[PDB]
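Below is one structure, written out as structure tokens; the observations come after it.
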Amino acid sequence: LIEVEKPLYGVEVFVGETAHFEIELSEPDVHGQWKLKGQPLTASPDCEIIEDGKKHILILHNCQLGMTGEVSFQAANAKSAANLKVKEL
């Protein structure tokens, strides 16, 4: 049973830029999963999730307009929720 020493942070992006979401836990050895408003997509060509356990870092690139929601991370018993909005050019 761990918690979230550092929650996420709402960030803006101009479709194409790169969003950033960090969050520290309490115990290493684990694997959560980020999800927009609440949709578990799948790290692909437009998703760059790099986490080494004891730490979790997200890196979304050219984010579309849909991403207009909140980044709620899920892991063991921790749960964060930042704000993210995709603005057009």
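Oh and the sequence shown: position 76 is 76 in PDB author numbering, straight run, nothing missing. Where is the CB? At the ideal position from N, CA and C, for every residue including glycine.
If we ignore side chains and look at the alpha-carbon of each, how far apart do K37 and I59 end up? Translated into the one-based positions of the sequence shown, residue 37 becomes position 37. Translated into the one-based positions of the sequence shown, residue 59 becomes position 59. So the alpha carbons of these two residues sit roughly 16 Å apart.
For the beta strand (DSSP E) containing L25, name the first residue and the last one. Locating residue 25 in the sequence shown gives position 25, counting from the first residue. Segment: none, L25 is in no beta strand (DSSP E) and carries neither H nor E.
Just checking my contact of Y9 with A81 at CB under 8 Å: how many whole Å lie between their CB atoms? As a position in the sequence shown, residue 9 is number 9, starting the count at 1. As a position in the sequence shown, residue 81 is number 81, starting the count at 1. Between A81 and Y9 the Cβ distance is about 11 Å, and since that is not below 8 Å, they are no contact.
DSSP-derived helix/strand/coil call for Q33: One-based indexing of the sequence shown puts residue 33 at position 33. Looking at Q33 - three-state DSSP - the assignment turns out to be strand.
Compute the Euclidean distance between the alpha carbons of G66 and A76, then round it to the nearest angstrom. The count along the sequence shown starts at 1 and reaches residue 66 at position 66. The count along the sequence shown starts at 1 and reaches residue 76 at position 76. Between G66 and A76, the C-alpha separation is close to 27 Å.
Could you check the C-alpha separation between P7 and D46 for me, to the nearest Å? What you label residue 7 is simply residue 7 of the sequence shown in a count that begins at 1. What you label residue 46 is simply residue 46 of the sequence shown in a count that begins at 1. When rounded, the distance between both Cα atoms is 23 Å.
Delimiting residues of the beta strand (DSSP E) encompassing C63: To locate residue 63, count along the sequence shown from 1; it is residue 63. Neither: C63 is in no beta strand (DSSP E) and is coded neither H nor E.
Hey, how far is the Cα of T68 from the Cα of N62? Residue mapping note: residue 68 aligns to position 68 of the sequence shown, counting from 1. Residue mapping note: residue 62 aligns to position 62 of the sequence shown, counting from 1. For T68 and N62, the distance between alpha carbons rounds to 13 Å.
Return the chain-ordered list of same chain residues with a C-beta closer than 7 Å to the C-beta of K87, the five sequence neighbours on each side being excluded. The count along the sequence shown starts at 1 and reaches residue 87 at position 87. The residues are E12 and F14.
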